[PDB]
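Visitor: Input file: input-v7.csv. Contents: CSV, N, CA, C and O atoms.
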chain,number,residue,atom,x,y,z
J,244,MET,N,127.1,102.6,130.5
J,244,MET,CA,127.1,102.1,129.2
J,244,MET,C,128.3,102.6,128.4
J,244,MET,O,129.2,103.2,128.9
J,245,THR,N,128.4,102.2,127.1
J,245,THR,CA,129.5,102.6,126.2
J,245,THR,C,129.2,103.9,125.5
J,245,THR,O,128.1,104.5,125.6
J,246,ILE,N,130.2,104.4,124.8
J,246,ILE,CA,130.0,105.7,124.0
J,246,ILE,C,129.1,105.4,122.8
J,246,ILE,O,128.3,106.3,122.4
J,247,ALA,N,129.1,104.2,122.2
J,247,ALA,CA,128.3,103.9,121.1
J,247,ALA,C,126.8,103.9,121.6
J,247,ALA,O,125.9,104.5,120.9
J,248,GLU,N,126.5,103.3,122.7
J,248,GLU,CA,125.1,103.2,123.2
J,248,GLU,C,124.6,104.6,123.6
J,248,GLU,O,123.4,104.9,123.5
J,249,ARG,N,125.5,105.4,124.1
J,249,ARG,CA,125.1,106.8,124.4
J,249,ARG,C,124.8,107.6,123.2
J,249,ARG,O,123.9,108.4,123.1
J,250,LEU,N,125.6,107.4,122.1
J,250,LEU,CA,125.4,108.1,120.9
J,250,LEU,C,124.1,107.6,120.2
J,250,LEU,O,123.3,108.4,119.7
J,251,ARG,N,123.8,106.3,120.3
J,251,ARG,CA,122.5,105.8,119.8
J,251,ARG,C,121.3,106.4,120.6
J,251,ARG,O,120.3,106.7,120.0
J,252,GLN,N,121.5,106.6,121.9
J,252,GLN,CA,120.4,107.2,122.7
J,252,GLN,C,120.2,108.6,122.3
J,252,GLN,O,119.1,109.1,122.3
J,253,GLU,N,121.3,109.4,122.0
J,253,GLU,CA,121.1,110.7,121.5
J,253,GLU,C,120.3,110.8,120.2
J,253,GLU,O,119.5,111.7,120.0
J,254,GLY,N,120.6,109.8,119.3
J,254,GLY,CA,119.8,109.8,118.1
J,254,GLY,C,118.3,109.4,118.3
J,254,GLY,O,117.5,110.0,117.6
J,255,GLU,N,118.1,108.5,119.2
J,255,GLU,CA,116.7,108.2,119.5
J,255,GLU,C,115.9,109.4,120.1
J,255,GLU,O,114.8,109.6,119.7
J,256,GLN,N,116.6,110.1,121.0
J,256,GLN,CA,116.0,111.3,121.5
J,256,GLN,C,115.8,112.4,120.5
J,256,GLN,O,114.7,113.1,120.4
J,257,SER,N,116.7,112.6,119.6
J,257,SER,CA,116.6,113.6,118.5
J,257,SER,C,115.4,113.2,117.6
J,257,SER,O,114.7,114.1,117.1
J,258,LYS,N,115.3,111.9,117.2
J,258,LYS,CA,114.2,111.5,116.3
J,258,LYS,C,112.9,111.6,117.0
J,258,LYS,O,111.9,112.1,116.4
J,259,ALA,N,112.8,111.2,118.3
J,259,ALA,CA,111.5,111.4,119.0
J,259,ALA,C,111.0,112.8,119.0
J,259,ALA,O,109.9,113.2,118.8
J,260,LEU,N,112.0,113.8,119.3
J,260,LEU,CA,111.6,115.2,119.3
J,260,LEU,C,111.1,115.7,117.9
J,260,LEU,O,110.2,116.5,117.8
J,261,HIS,N,111.8,115.2,116.8
J,261,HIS,CA,111.4,115.6,115.5
J,261,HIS,C,110.0,115.1,115.1
J,261,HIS,O,109.2,115.8,114.6
J,262,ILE,N,109.8,113.8,115.4
J,262,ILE,CA,108.4,113.2,115.2
J,262,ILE,C,107.4,114.0,116.0
J,262,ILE,O,106.3,114.3,115.4
J,263,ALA,N,107.7,114.3,117.2
J,263,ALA,CA,106.7,115.0,118.1
J,263,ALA,C,106.4,116.4,117.5
J,263,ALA,O,105.2,116.8,117.5
J,264,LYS,N,107.4,117.1,116.9
J,264,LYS,CA,107.2,118.4,116.3
J,264,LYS,C,106.2,118.3,115.1
J,264,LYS,O,105.3,119.1,115.0
J,265,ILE,N,106.4,117.2,114.3
J,265,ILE,CA,105.5,117.0,113.1
J,265,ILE,C,104.1,116.8,113.6
J,265,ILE,O,103.1,117.3,113.0
J,266,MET,N,103.9,115.9,114.6
J,266,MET,CA,102.6,115.6,115.1
J,266,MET,C,102.0,116.8,115.7
J,266,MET,O,100.8,117.0,115.4
J,267,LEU,N,102.7,117.6,116.4
J,267,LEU,CA,102.2,118.9,117.0
J,267,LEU,C,101.6,119.7,115.9
J,267,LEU,O,100.5,120.3,116.0
J,268,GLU,N,102.3,119.9,114.8
J,268,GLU,CA,101.8,120.8,113.7
J,268,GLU,C,100.6,120.2,113.0
J,268,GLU,O,99.8,121.0,112.5
J,269,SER,N,100.5,118.9,113.0
J,269,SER,CA,99.3,118.2,112.3
J,269,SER,C,98.1,118.1,113.2
J,269,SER,O,97.1,117.5,112.8
J,270,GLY,N,98.2,118.6,114.5
J,270,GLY,CA,97.1,118.6,115.3
J,270,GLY,C,96.8,117.3,116.1
J,270,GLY,O,95.7,117.2,116.7
J,271,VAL,N,97.8,116.4,116.2
J,271,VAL,CA,97.6,115.2,116.9
J,271,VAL,C,97.4,115.6,118.4
J,271,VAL,O,98.1,116.4,118.9
J,272,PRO,N,96.4,114.9,119.1
J,272,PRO,CA,96.2,115.2,120.5
J,272,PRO,C,97.5,115.0,121.3
J,272,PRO,O,98.2,114.0,121.1
J,273,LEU,N,97.8,115.9,122.2
J,273,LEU,CA,99.1,115.9,122.9
J,273,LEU,C,99.3,114.6,123.8
J,273,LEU,O,100.4,114.2,123.9
J,274,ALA,N,98.2,114.0,124.3
J,274,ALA,CA,98.4,112.8,125.1
J,274,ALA,C,98.8,111.7,124.2
J,274,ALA,O,99.5,110.7,124.6
J,275,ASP,N,98.4,111.7,122.9
J,275,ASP,CA,98.8,110.7,121.9
J,275,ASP,C,100.2,110.8,121.5
J,275,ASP,O,101.0,109.8,121.4
J,276,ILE,N,100.7,112.1,121.2
J,276,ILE,CA,102.1,112.3,120.9
J,276,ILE,C,103.0,111.8,122.0
J,276,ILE,O,104.0,111.2,121.8
J,277,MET,N,102.6,111.9,123.3
J,277,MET,CA,103.4,111.5,124.4
J,277,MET,C,103.4,110.0,124.5
J,277,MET,O,104.4,109.4,124.8
J,278,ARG,N,102.3,109.3,124.2
J,278,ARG,CA,102.2,107.9,124.1
J,278,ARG,C,103.1,107.3,123.0
J,278,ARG,O,103.8,106.3,123.2
J,279,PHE,N,103.0,107.9,121.8
J,279,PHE,CA,103.7,107.4,120.6
J,279,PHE,C,105.2,107.6,120.7
J,279,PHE,O,106.0,106.8,120.3
J,280,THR,N,105.6,108.8,121.2
J,280,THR,CA,107.0,109.2,121.2
J,280,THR,C,107.7,108.9,122.6
J,280,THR,O,109.0,109.0,122.6
J,281,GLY,N,107.0,108.8,123.7
J,281,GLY,CA,107.6,108.6,125.0
J,281,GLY,C,108.1,109.8,125.6
J,281,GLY,O,108.8,109.7,126.6
J,282,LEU,N,107.8,111.0,125.1
J,282,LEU,CA,108.3,112.2,125.6
J,282,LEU,C,107.5,112.8,126.8
J,282,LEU,O,106.3,112.6,126.8
J,283,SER,N,108.2,113.5,127.7
J,283,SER,CA,107.6,114.2,128.8
J,283,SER,C,107.0,115.5,128.3
J,283,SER,O,107.3,116.1,127.3
J,284,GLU,N,106.0,116.0,129.1
J,284,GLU,CA,105.4,117.3,128.7
J,284,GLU,C,106.4,118.4,128.7
J,284,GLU,O,106.3,119.3,127.8
J,285,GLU,N,107.5,118.4,129.5
J,285,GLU,CA,108.5,119.5,129.4
J,285,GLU,C,109.4,119.3,128.2
J,285,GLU,O,109.9,120.3,127.7
J,286,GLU,N,109.5,118.1,127.8
J,286,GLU,CA,110.3,117.9,126.5
J,286,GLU,C,109.5,118.4,125.3
J,286,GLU,O,110.1,118.9,124.4
J,287,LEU,N,108.2,118.2,125.4
J,287,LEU,CA,107.3,118.8,124.3
J,287,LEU,C,107.3,120.3,124.3
J,287,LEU,O,107.3,120.9,123.3
J,288,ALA,N,107.3,120.9,125.5
J,288,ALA,CA,107.4,122.4,125.7
J,288,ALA,C,108.7,122.9,125.2
J,288,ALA,O,108.7,124.1,124.7
J,289,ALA,N,109.8,122.2,125.3
J,289,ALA,CA,111.1,122.7,124.8
J,289,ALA,C,111.6,121.8,123.7
J,289,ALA,O,110.9,121.7,122.7
B,244,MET,N,130.7,110.7,106.7
B,244,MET,CA,130.5,111.2,108.0
B,244,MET,C,131.4,110.5,109.0
B,244,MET,O,132.3,109.7,108.7
B,245,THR,N,131.2,110.9,110.3
B,245,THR,CA,132.0,110.3,111.4
B,245,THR,C,131.3,109.1,112.0
B,245,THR,O,130.1,108.8,111.6
B,246,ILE,N,132.0,108.4,112.9
B,246,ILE,CA,131.3,107.3,113.6
B,246,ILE,C,130.3,107.7,114.5
B,246,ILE,O,129.2,107.1,114.7
B,247,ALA,N,130.5,108.9,115.2
B,247,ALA,CA,129.4,109.4,116.1
B,247,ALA,C,128.1,109.7,115.3
B,247,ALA,O,127.0,109.3,115.7
B,248,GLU,N,128.2,110.4,114.1
B,248,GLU,CA,127.0,110.7,113.4
B,248,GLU,C,126.4,109.4,112.8
B,248,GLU,O,125.2,109.4,112.6
B,249,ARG,N,127.2,108.4,112.5
B,249,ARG,CA,126.6,107.1,112.1
B,249,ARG,C,125.8,106.5,113.2
B,249,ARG,O,124.8,105.9,113.0
B,250,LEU,N,126.4,106.5,114.4
B,250,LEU,CA,125.7,105.9,115.6
B,250,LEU,C,124.5,106.7,115.9
B,250,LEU,O,123.4,106.1,116.3
B,251,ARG,N,124.5,108.0,115.8
B,251,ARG,CA,123.2,108.8,116.0
B,251,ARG,C,122.2,108.4,115.0
B,251,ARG,O,121.0,108.4,115.3
B,252,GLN,N,122.6,108.2,113.7
B,252,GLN,CA,121.7,107.8,112.7
B,252,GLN,C,121.0,106.4,113.0
B,252,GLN,O,119.8,106.2,112.7
B,253,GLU,N,121.8,105.5,113.5
B,253,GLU,CA,121.3,104.2,113.9
B,253,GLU,C,120.2,104.4,115.0
B,253,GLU,O,119.2,103.7,115.0
B,254,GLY,N,120.5,105.3,116.0
B,254,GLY,CA,119.5,105.5,117.0
B,254,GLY,C,118.2,106.2,116.5
B,254,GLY,O,117.1,105.8,116.9
B,255,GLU,N,118.3,107.1,115.5
B,255,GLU,CA,117.2,107.7,114.9
B,255,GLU,C,116.3,106.7,114.2
B,255,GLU,O,115.1,106.7,114.3
B,256,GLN,N,117.0,105.8,113.4
B,256,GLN,CA,116.3,104.7,112.7
B,256,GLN,C,115.6,103.7,113.7
B,256,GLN,O,114.5,103.3,113.5
B,257,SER,N,116.3,103.4,114.8
B,257,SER,CA,115.7,102.5,115.8
B,257,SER,C,114.5,103.1,116.4
B,257,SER,O,113.5,102.4,116.6
B,258,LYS,N,114.5,104.4,116.7
B,258,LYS,CA,113.4,105.0,117.4
B,258,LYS,C,112.2,105.2,116.5
B,258,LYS,O,111.1,104.9,116.8
B,259,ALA,N,112.5,105.6,115.2
B,259,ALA,CA,111.4,105.7,114.2
B,259,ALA,C,110.7,104.3,114.0
B,259,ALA,O,109.5,104.3,113.9
B,260,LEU,N,111.5,103.2,114.0
B,260,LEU,CA,110.8,101.9,113.8
B,260,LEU,C,109.9,101.6,115.1
B,260,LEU,O,108.9,101.0,114.9
B,261,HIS,N,110.4,101.9,116.3
B,261,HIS,CA,109.7,101.6,117.5
B,261,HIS,C,108.4,102.5,117.5
B,261,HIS,O,107.3,101.9,117.8
B,262,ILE,N,108.5,103.8,117.2
B,262,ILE,CA,107.3,104.6,117.2
B,262,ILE,C,106.3,104.1,116.2
B,262,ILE,O,105.1,104.0,116.4
B,263,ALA,N,106.8,103.7,115.0
B,263,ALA,CA,105.9,103.2,113.9
B,263,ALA,C,105.2,101.9,114.4
B,263,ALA,O,104.0,101.7,114.1
B,264,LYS,N,105.9,101.0,115.2
B,264,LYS,CA,105.3,99.8,115.7
B,264,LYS,C,104.1,100.1,116.6
B,264,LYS,O,103.1,99.5,116.6
B,265,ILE,N,104.3,101.1,117.5
B,265,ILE,CA,103.2,101.5,118.4
B,265,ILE,C,102.0,102.1,117.6
B,265,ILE,O,100.9,101.8,118.0
B,266,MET,N,102.3,102.9,116.6
B,266,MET,CA,101.2,103.5,115.9
B,266,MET,C,100.5,102.4,115.1
B,266,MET,O,99.3,102.5,115.1
B,267,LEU,N,101.2,101.5,114.6
B,267,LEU,CA,100.6,100.4,113.9
B,267,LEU,C,99.6,99.6,114.8
B,267,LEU,O,98.4,99.3,114.4
B,268,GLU,N,99.9,99.4,116.0
B,268,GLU,CA,99.1,98.6,117.0
B,268,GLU,C,97.9,99.5,117.4
B,268,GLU,O,96.8,98.9,117.7
B,269,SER,N,98.0,100.8,117.4
B,269,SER,CA,96.9,101.7,117.8
B,269,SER,C,96.0,102.1,116.6
B,269,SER,O,95.1,102.8,116.8
B,270,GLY,N,96.3,101.5,115.5
B,270,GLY,CA,95.4,101.7,114.4
B,270,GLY,C,95.6,103.0,113.6
B,270,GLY,O,94.7,103.4,112.8
B,271,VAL,N,96.7,103.7,113.8
B,271,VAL,CA,96.9,104.9,113.0
B,271,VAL,C,97.0,104.6,111.5
B,271,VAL,O,97.6,103.6,111.1
B,272,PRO,N,96.4,105.4,110.6
B,272,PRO,CA,96.4,105.1,109.2
B,272,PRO,C,97.9,105.1,108.7
B,272,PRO,O,98.7,105.9,109.1
B,273,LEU,N,98.2,104.1,107.9
B,273,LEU,CA,99.5,103.8,107.5
B,273,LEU,C,100.2,105.0,106.7
B,273,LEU,O,101.4,105.2,106.9
B,274,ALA,N,99.4,105.7,105.9
B,274,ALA,CA,100.0,106.9,105.3
B,274,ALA,C,100.4,107.9,106.3
B,274,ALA,O,101.4,108.7,106.0
B,275,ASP,N,99.8,108.0,107.5
B,275,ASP,CA,100.1,109.0,108.5
B,275,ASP,C,101.4,108.5,109.2
B,275,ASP,O,102.3,109.3,109.5
B,276,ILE,N,101.5,107.2,109.6
B,276,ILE,CA,102.7,106.7,110.2
B,276,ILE,C,103.9,107.0,109.3
B,276,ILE,O,105.0,107.4,109.8
B,277,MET,N,103.8,106.9,108.0
B,277,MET,CA,104.9,107.1,107.1
B,277,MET,C,105.3,108.6,107.1
B,277,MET,O,106.4,109.0,107.0
B,278,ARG,N,104.2,109.5,107.1
B,278,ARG,CA,104.5,110.9,107.2
B,278,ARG,C,105.2,111.3,108.5
B,278,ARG,O,106.1,112.1,108.5
B,279,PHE,N,104.7,110.8,109.6
B,279,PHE,CA,105.2,111.2,110.9
B,279,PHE,C,106.6,110.6,111.2
B,279,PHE,O,107.5,111.3,111.8
B,280,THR,N,106.9,109.4,110.8
B,280,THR,CA,108.2,108.7,111.1
B,280,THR,C,109.2,108.8,109.9
B,280,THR,O,110.3,108.5,110.1
B,281,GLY,N,108.7,109.1,108.7
B,281,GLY,CA,109.6,109.1,107.6
B,281,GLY,C,110.0,107.8,107.0
B,281,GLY,O,110.9,107.7,106.2
B,282,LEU,N,109.4,106.7,107.4
B,282,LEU,CA,109.7,105.3,107.0
B,282,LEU,C,109.1,105.0,105.7
B,282,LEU,O,108.0,105.4,105.3
B,283,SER,N,109.8,104.1,104.9
B,283,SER,CA,109.3,103.5,103.7
B,283,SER,C,108.3,102.4,104.0
B,283,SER,O,108.3,101.8,105.1
B,284,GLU,N,107.5,102.0,103.0
B,284,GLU,CA,106.6,100.9,103.2
B,284,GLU,C,107.3,99.6,103.5
B,284,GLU,O,106.8,98.8,104.2
B,285,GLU,N,108.5,99.4,102.9
B,285,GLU,CA,109.2,98.1,103.1
B,285,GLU,C,109.8,98.2,104.5
B,285,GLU,O,110.0,97.1,105.1
B,286,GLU,N,110.2,99.3,105.0
B,286,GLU,CA,110.6,99.4,106.4
B,286,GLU,C,109.5,99.1,107.4
B,286,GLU,O,109.7,98.5,108.4
B,287,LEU,N,108.2,99.5,107.1
B,287,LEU,CA,107.1,99.2,107.9
B,287,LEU,C,106.8,97.7,107.8
B,287,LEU,O,106.4,97.1,108.9
B,288,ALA,N,106.9,97.1,106.7
B,288,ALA,CA,106.7,95.6,106.5
B,288,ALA,C,107.7,94.8,107.3
B,288,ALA,O,107.4,93.7,107.7
B,289,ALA,N,108.9,95.3,107.4
B,289,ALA,CA,110.0,94.6,108.1
B,289,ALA,C,110.4,95.4,109.4
B,289,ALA,O,109.6,95.7,110.3
What's the structure tokens form of this structure?
Guide:
Amino acid sequence: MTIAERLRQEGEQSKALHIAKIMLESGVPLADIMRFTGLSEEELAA
Amino acid sequence: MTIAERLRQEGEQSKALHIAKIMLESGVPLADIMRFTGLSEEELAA
């Protein structure tokens, strides 16, 4: 891919992690966080 | 800002909209979608 599409992907990953952090603090079930954000369990752990 | 940080911001906005769309289909209350994703009501409408 291009550098622009790589930078957009970094932003998507950054936003998904931030949303997941909020959901974690609000008590959302972890299986739902993974469904909504697309993140792996090791991404949630780190 | 720089072009890299603008491109990352476009990715963050794209991912927030996608997550919001999933949450909408799953019946999440709209006030919660807005809290988790940071989106405005007009961003959810469009």
Visitor: Determine, counting only C-alpha atoms, which protein, DNA and RNA residues have an atom within 7 Å of an atom of stretch 263-268 of chain J; residues of the same chain fewer than 5 positions away are not included. Present the result as a PyMOL selection string.
Guide: (chain J and resi 276+280) or (chain B and resi 279)
Visitor: One number please: atom N of residue J:254 to atom O of residue B:261, in Å, one decimal.
Guide: 15.5 Å
Visitor: Using DSSP on the backbone coordinates, identify the residues of chain J assigned to alpha helix (DSSP H); present them as a count of residues only.
Guide: 36
Visitor: With 6 Å as the limit and counting all atoms listed in the file, what residues in chain J lie close to chain B? Please list them as a list in words.
Guide: residues 247, 250, 251, 252, 253, 254, 255, 256, 258, 261, 262 and 279 of chain J
Visitor: Mind pulling up the distance from atom C of residue J:274 to atom CA of residue J:287?
Guide: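 These atoms are spaced 11.1 Å apart.
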Visitor: Quote the spacing between atom C of residue B:277 and atom CA of residue B:260 in Å to one decimal place.
Guide: 11.0 Å
